[PDB]
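Quick setup: one chain, the form deposited in one PDB entry, written in structure tokens, and binding and motion questions come after.
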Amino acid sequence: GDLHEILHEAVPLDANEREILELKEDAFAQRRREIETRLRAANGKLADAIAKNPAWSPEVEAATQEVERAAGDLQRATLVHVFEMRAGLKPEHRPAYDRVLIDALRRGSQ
């Protein structure tokens, strides 16, 4: 279900590809961490709101929206980076990458 991990594990970068993509990989790792931090905080606000008053409320509406926004940010950032990686591949490596990517997407990997 971890799309990014599935790709790095099944179709790992070659020596030159790894060197070329290192900067983008690192930038994505930091971006993912930041979004995940927001997501955990949103989860906490949702739990907090429900602990206070276990019903839909402005606090629950806001927290649920924050959760969904962070989740969407994560989904999009990951897919953009998946396309980044594809751009950094030797053209001849792209078909295997696509096979893994398409199959994983069909299963709902994100």
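Throughout, we count residues from 1 along the sequence that is shown.
- Between 66-74 and 22-30, it is 66-74 that carries the larger average Cα temperature factor according to the deposited entry.
- Averaged over CA atoms, B-factors in the entry run higher in 41-49 than in the other of 41-49 and 77-85.
A second form of this protein, the form deposited in another entry, is not displayed here; the remarks below concern that form.
- One rigid block turns against another between this form and the one not shown, and the hinge that joins them sits at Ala77, chosen from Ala77, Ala55, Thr64, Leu39.
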